[PDB]
Amino acid sequence: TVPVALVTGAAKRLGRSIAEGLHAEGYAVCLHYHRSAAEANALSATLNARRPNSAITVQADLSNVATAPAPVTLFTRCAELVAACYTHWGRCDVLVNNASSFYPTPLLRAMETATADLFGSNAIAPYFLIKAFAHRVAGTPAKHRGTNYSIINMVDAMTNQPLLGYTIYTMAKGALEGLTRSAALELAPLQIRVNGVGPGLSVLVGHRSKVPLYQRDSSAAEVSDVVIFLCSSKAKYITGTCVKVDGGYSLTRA
Amino acid sequence: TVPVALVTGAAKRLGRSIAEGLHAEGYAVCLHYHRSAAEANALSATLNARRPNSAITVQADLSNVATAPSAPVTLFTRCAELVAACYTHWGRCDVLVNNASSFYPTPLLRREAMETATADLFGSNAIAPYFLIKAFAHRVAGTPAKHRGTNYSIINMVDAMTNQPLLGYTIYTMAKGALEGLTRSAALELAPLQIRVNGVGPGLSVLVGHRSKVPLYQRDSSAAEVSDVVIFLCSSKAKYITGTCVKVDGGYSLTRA
Amino acid sequence: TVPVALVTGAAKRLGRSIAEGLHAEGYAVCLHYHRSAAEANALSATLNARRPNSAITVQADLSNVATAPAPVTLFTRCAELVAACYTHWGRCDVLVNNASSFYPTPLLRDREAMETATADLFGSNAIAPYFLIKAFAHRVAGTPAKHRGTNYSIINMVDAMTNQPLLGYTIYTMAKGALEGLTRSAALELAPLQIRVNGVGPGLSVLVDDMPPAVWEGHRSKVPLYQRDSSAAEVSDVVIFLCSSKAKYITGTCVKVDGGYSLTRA
Amino acid sequence: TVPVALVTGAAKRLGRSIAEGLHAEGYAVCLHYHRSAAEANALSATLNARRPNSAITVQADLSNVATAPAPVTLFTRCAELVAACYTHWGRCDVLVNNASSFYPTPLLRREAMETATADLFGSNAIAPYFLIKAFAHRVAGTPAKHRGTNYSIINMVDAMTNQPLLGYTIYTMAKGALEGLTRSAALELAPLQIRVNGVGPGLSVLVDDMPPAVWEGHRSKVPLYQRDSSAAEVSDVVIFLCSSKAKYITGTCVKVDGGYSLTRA
Ligand SMILES: NC(=O)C1=CN([C@@H]2O[C@H](COP(=O)(O)OP(=O)(O)OC[C@H]3O[C@@H](n4cnc5c(N)ncnc54)[C@H](OP(=O)(O)O)[C@@H]3O)[C@@H](O)[C@H]2O)C=CC1
Ligand SMILES: NC(=O)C1=CN([C@@H]2O[C@H](COP(=O)(O)OP(=O)(O)OC[C@H]3O[C@@H](n4cnc5c(N)ncnc54)[C@H](OP(=O)(O)O)[C@@H]3O)[C@@H](O)[C@H]2O)C=CC1
Ligand SMILES: NC(=O)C1=CN([C@@H]2O[C@H](COP(=O)(O)OP(=O)(O)OC[C@H]3O[C@@H](n4cnc5c(N)ncnc54)[C@H](OP(=O)(O)O)[C@@H]3O)[C@@H](O)[C@H]2O)C=CC1
Ligand SMILES: NC(=O)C1=CN([C@@H]2O[C@H](COP(=O)(O)OP(=O)(O)OC[C@H]3O[C@@H](n4cnc5c(N)ncnc54)[C@H](OP(=O)(O)O)[C@@H]3O)[C@@H](O)[C@H]2O)C=CC1
Ligand SMILES: O=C1C[C@H](c2ccc(O)c(O)c2)Oc2ccc(O)cc21
Ligand SMILES: O=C1C[C@H](c2ccc(O)c(O)c2)Oc2ccc(O)cc21
Ligand SMILES: O=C1C[C@H](c2ccc(O)c(O)c2)Oc2ccc(O)cc21
Ligand SMILES: O=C1C[C@H](c2ccc(O)c(O)c2)Oc2ccc(O)cc21
């Protein structure tokens, strides 16, 4: 029988690679997107042409704001993301919190949008998603649960060496790290594993020559393959961990 | 000549110990409070009686919500206003201690309650500290270099034990994680203005069971056992220290179940 | 043509499981052992049965002491372990530093004990891996570039729980700390040769039941995920993954395999 | 009556400043040295002039080798360093493991080999272990009514060893070991109220023997102050962790690095 993965920010780049890698392992994939509707749908078309009934796409803004229909809260929109898996395939085995906004929030020379957007997508939405994922599992009768529940948070290998001017983003990745550890401890009784993967420089649009390994940013596969392994039954003893995929970049000093 | 400290959640417990310790070094202290008006004002009375015009108190809800006034007033404005209060009253703000921290369960395993918890926990512990630091920094940057103080220090109160999370406290644990990130990012970016940014993480302090589990002394800390560390990190002897965290937990993070 | 793995302490438990997992991927394996000669030979028969000439065994004390021949240093014993791979199969692609001694060295209450403990605990957990990495790297550097393999990888078996020290095990915990510094230092310095160096740190894995059963049950019950120790495979599969081409951007890291044990507090 | 501090590598640089700082708080100081006899002796002269019988000097090689006789072990040499405090003043309250060897051991290219491992691992990790063990033994053997009331051990570790200096593998491993000792000793020695902490400099009193451009180069990399630290900028932190105000702190490391560890290449 066929497991289901929910992948946020799945339309392009690492999220796409993650969805493709999970698809190749036999997963049906729910492809979340925000603005990249055409890329999400083209992705879904490729994958459904490969195996019918193996991809859907769902839209949501994961910023921490109310949207239009009572206003719709982020919590609700997160619970509905997970509900789309259960509605279409009756299960949700893997969650990958990949979607992320990333832009400067300088301390030294509006703010309310940056805060909602950078914290929502990077931290608050992952928490609501993990909470909805777990409620669904706890509400499944023990005999009917899957046997390999796995949540991956995409964190950042370099946030201990902060990028100058990216405070809110760096704070939100730090919160997402605390989510990995607290969610791994609390959800262990349900056998839901929760882990982090931290890219260094991946698929850049010249820090890249500073990467000790190969002196380049990584490909998308070089990160997504790690995510796929941590979701595999071979990784069943791994929880509350964080795997850097950074080519040694976090080893460098100015 | 007299430096000024702003201490959030200053009315009781570690915040009061911190404001007392800074006061003892000669600081004037702005005592921020939320609901503890009576406790804050009693503290300010004591300090003012000891040294006239050495304490004020200022009220603010550091939850990430709008509050009642034109338009409603955002967290950002209330945070700027706290820093402004020190500049208004005393012409300076040398030290900021981000101590205010709302703490209660947010279980993942079983909502008006969760919008509230998110705003309150993610606010007091992480978002308000960010806007406070930004307002602190704006001020210094806007002060002519010749008139700047010589010892700017920001202290974030974090948690020695959040790498070993307390079961059921996810949002609070996330918010302390964000606050650790703020310490390292602000330390790097504010270094050109010589503004130092460090963390102090208590383990168990002034508990109101696990106390027996602390390797050193088998008890929680007193308030001064934490606040003395804060005061050291704000002293000129600590001027090469930035971007770092000091645990004050009597070895509790060393323990495994 | 067939890649080669050296696995120290490979006779039993996790080192055996590592050697088997690498053999299953198609590596030829040099199984190092110290006193478990019968177990190493047994395992070597099994692998050589699945696939002829794909396992050998080599004996070495990896304690930081000179042995009987002029006297033989630890360094020389480590260079010879790596040489054995090259002599027999013309290459060494993978090194797994797994061999480890582990016993109490209390700070609080014969100096023979104290002496030999330091040499044995540091040698096997830290100094031999240093020399082994040095020898592995000198060989790769000494290979004409055209003839180099395309996936060199060193795994160092660390401990997920050494930041929460086991009471009474100071020297062991210090040695594991040196071994984490070796991972980071060797990763940085060997990056130009495309040699990845990563850590795997098992928490409670194949716990020997050699005390009252309440103590074995009590230990296991503390692990958040499954309330048990791991199987050997649950660790060795991570080792295998990190040596595979799909891990080729991963270096200088440490993967904990601990069921969330390091998330706990007393 | 007067508390006693044992400082290793006390003769120059940070160890000298730690010794002076502790002395300035009223400590008697046992000044350990290996080659810098003239410096150690001058320091003891200064401290003894300031306060009679407040300093002594003791010489020991802290490399993990046996020395000139039956050979003397690094273990015995460390117990005797502790015993000198007890023989002269009857106590030892503070131990600062400051002595340190630091030089390349490249992975990529005879008695230079074996001597490097012994010297780098000895000074930075194994001698700190035997010193802590001796220090602990002496406290456990003291009747509780005669115990000091503020025992503190400080290990000098390195803020930057997680971003390893290229070519310095043995050194970086030795400091990793010493961080392990901080955490395991703090756990084990907590029942005797002996606190065990680390202080990690980044770039402190950077030595002058390179071209000025290269010296200014290194310094300019530190976010805070674009300079290396003074010796007192590190030693003040050491002294604060030894003070009774720090009595709830154990098993922790304090970085004194001007934010150098927050950088990336
Ligand atoms: N690539 C790199 O070098 C690094 C990546 N990372 C982390 O790895 C993960 C993936 O990286 P990468 O593939 O580069 O990610 P991208 O920066 O390409 O962003 C991923 C997706 O996030 C979605 N997203 C952004 N904001 C929101 C929002 N408010 N609501 C909903 N979705 C949103 C976007 O979806 P849409 O396009 O549909 O609008 C976007 O495609 C991220 O979590 C990132 O933080 C960390 C360090 C370095
Ligand atoms: N005590 C301990 O053992 C531990 C403490 N810590 C940290 O140390 C610091 C001090 O601890 P402790 O003294 O026990 O702190 P408290 O738990 O007593 O909290 C301090 C003050 O924070 C203020 N506060 C709470 N919510 C808000 C809000 N929404 N807006 C404004 N202010 C608010 C309250 O002010 P008022 O009373 O005026 O409403 C409260 O008095 C905190 O940052 C805490 O997280 C970390 C781990 C353990
Ligand atoms: N199992 C666990 O719970 C944990 C394991 N680890 C680490 O994982 C690795 C594997 O664990 P595990 O399988 O339990 O290991 P073991 O304790 O079973 O020991 C591994 C092997 O190391 C070899 N060894 C010991 N001392 C020496 C020496 N002086 N010279 C050469 N070889 C030596 C022994 O070989 P021989 O039998 O041939 O003498 C032994 O079989 C080790 O590095 C360990 O420290 C870390 C934390 C927990
Ligand atoms: N300065 C810096 O920027 C940094 C310093 N540190 C750490 O801080 C501490 C103090 O630093 P610093 O003042 O620079 O230290 P030094 O490099 O100046 O060394 C201090 C003393 O160690 C002694 N020593 C060296 N080898 C041996 C040995 N085999 N046995 C006995 N003693 C020995 C020497 O004593 P003698 O002269 O008497 O021979 C030397 O003066 C050290 O632990 C260092 O590792 C860490 C990172 C950066
Ligand atoms: O593509 C990037 C590079 C960008 C980056 C660029 C340069 C760096 O040195 C560095 O650490 C990170 O990091 C990201 C963080 C979030 C995200 O969604 C995308 C990226
Ligand atoms: O008083 C406490 C104890 C409480 C606590 C209690 C028990 C623990 O094991 C632990 O880690 C933490 O932590 C706090 C966190 C924030 C705060 O504002 C107050 C406290
Ligand atoms: O087999 C074990 C379990 C043992 C162990 C692991 C975790 C514990 O809490 C504990 O009490 C004991 O740790 C080891 C360390 C090194 C080693 O080579 C083997 C082991
Ligand atoms: O003097 C130094 C500076 C030196 C140093 C520190 C930071 C650097 O970037 C660098 O290149 C060199 O580190 C040391 C380590 C041990 C020691 O005993 C002394 C020193």
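Observations, loosely collected:
- Only one of the numbered conditions (1) more than 7 Å from every other protein chain (Cβ to nearest Cβ); (2) more than 13 Å from ligand 1 (Cβ to nearest atom) is not met by residue A:182, and that is (1).
- Residue in segment B:16-31 that is within 13 Å of ligand 2 (Cβ to nearest atom), under 23 Å from residue B:233 (Cα atoms) and assigned to a strand (DSSP E or B) present: yes
- Of the residues making up segment B:193-212, one or more are polar (S, T, N, Q), within 20 Å of residue D:190 (Cβ to Cβ) and away from ligand 2 (no atom under 11 Å from the Cβ).
- Restricting segment B:55-70 to residues that are farther than 15 Å from residue B:11 by Cα and in contact with a strand residue (DSSP E or B) (Cβ under 8 Å, 6 or more places away or on another chain), the residue that is nearest to the other protein chains (Cβ to nearest Cβ): B:66
- Test: residue in segment A:211-220 that is out of contact with any helix residue (DSSP H, G or I) (no Cβ under 7 Å at 6 or more places or on another chain) and more than 29 Å from residue C:233 (Cβ to Cβ): yes
- Within segment B:104-150, restricting attention to residues that are of a type in the set (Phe, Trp, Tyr) and over 17 Å from residue B:67 (Cβ atoms), the residue that is surrounded by the fewest Cβ atoms within 10 Å (Cβ to Cβ) is B:104.
- Cβ-Cβ distances below 7 Å connect the following pairs, each with a first residue in segment A:225-254 that is facing another protein chain (nearest Cβ under 7 Å), a second residue that is within 16 Å of ligand 2 (Cβ to nearest atom), and a separation of six or more residues or different chains: A:240/A:181.
- Count of segment A:209-221 residues which are away from chain D (no Cβ under 11 Å), on the phi < 0 side of the Ramachandran plot and surrounded by fewer than 24 Cβ atoms within 10 Å (Cβ to Cβ): 5
- Identity of the residue in segment A:71-102, within 16 Å of ligand 5 (Cβ to nearest atom) and within 14 Å of chain B (Cβ to nearest Cβ), that ends up nearest to residue A:119 (Cα to Cα): A:102
- Residue in segment D:8-30 that is under 13 Å from the mean Cα position of the chain (by Cα), β-branched (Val, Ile, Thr) and under 27 Å from residue C:117 (Cβ atoms) present: yes
- Of all the residues in segment D:20-56, those that are of a type in the set (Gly, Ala, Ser) and touching a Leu at 6+ places or on another chain (Cβ under 6 Å) number 4.
- Taken together, the residues in segment D:161-187 that are within 26 Å of residue D:90 (Cβ to Cβ) and either among the β-branched types (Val, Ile, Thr) or surrounded by fewer than 24 Cβ atoms within 10 Å (Cβ to Cβ) (or both) amount to 0.
- The one condition in (1) over 22 Å from the mean Cα position of the chain (by Cα); (2) among the charged types (D, E, K, R); (3) at the interface with another protein chain (Cβ under 10 Å from one of its Cβ atoms) that residue D:111 fails to fulfil: (3)
- Residues that are among the small types (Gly, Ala, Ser) and within 11 Å of chain B (Cβ to nearest Cβ), drawn from segment C:255-266: C:260, C:262, C:266
- Taken over segment C:170-179, the criterion of being near ligand 3 (Cβ under 10 Å from one of its atoms) and either touching a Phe, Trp or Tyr at 6+ places or on another chain (Cβ under 7 Å) or facing another protein chain (nearest Cβ under 7 Å) (or both) is satisfied by C:172, C:175, C:176.
- When residues of segment B:207-226 are limited to those that are β-branched (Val, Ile, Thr) and over 13 Å from residue C:266 (Cβ atoms), the one nearest to ligand 3 (Cβ to nearest atom): B:226
- Filtering segment C:39-48 for residues that are surrounded by fewer than 19 Cβ atoms within 10 Å (Cβ to Cβ), away from chain D (no Cβ under 14 Å) and either aromatic (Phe, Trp, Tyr) or within 10 Å of ligand 3 (Cβ to nearest atom) (or both) leaves a non-empty set.
- Within segment B:190-199, considering residues that are more than 15 Å from the chain's Cα centre (by Cα) and crowded, with 24+ Cβ neighbours inside 10 Å, the one farthest from the other protein chains (Cβ to nearest Cβ): B:195
- Filter result for the condition that a residue is away from chain C (no Cβ under 13 Å) and out of contact with any strand residue (DSSP E or B) (no Cβ under 6 Å at 6 or more places or on another chain), over D:167, D:122, D:202: D:202
- Complete set of residues in segment B:98-138 that are part of a helix (DSSP H, G or I) and charged (D, E, K, R): B:112, B:115, B:120, B:134
- Residues in segment A:151-160 that are farther than 20 Å from residue A:92 by Cα and polar (S, T, N, Q) were compared, and the one that is surrounded by the most Cβ atoms within 10 Å (Cβ to Cβ) is A:159.
- For segment C:50-97, the tally of residues that are in contact with a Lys or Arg (Cβ under 7 Å, 6 or more places away or on another chain), part of a helix (DSSP H, G or I) and closer than 21 Å to residue C:38 by Cβ stands at 0.
Quick note: the coordinates plus some simple rules give every number you see, no bench work behind them. Virtual Cβ from ideal backbone geometry, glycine too; neighbours counted across all protein chains shown.
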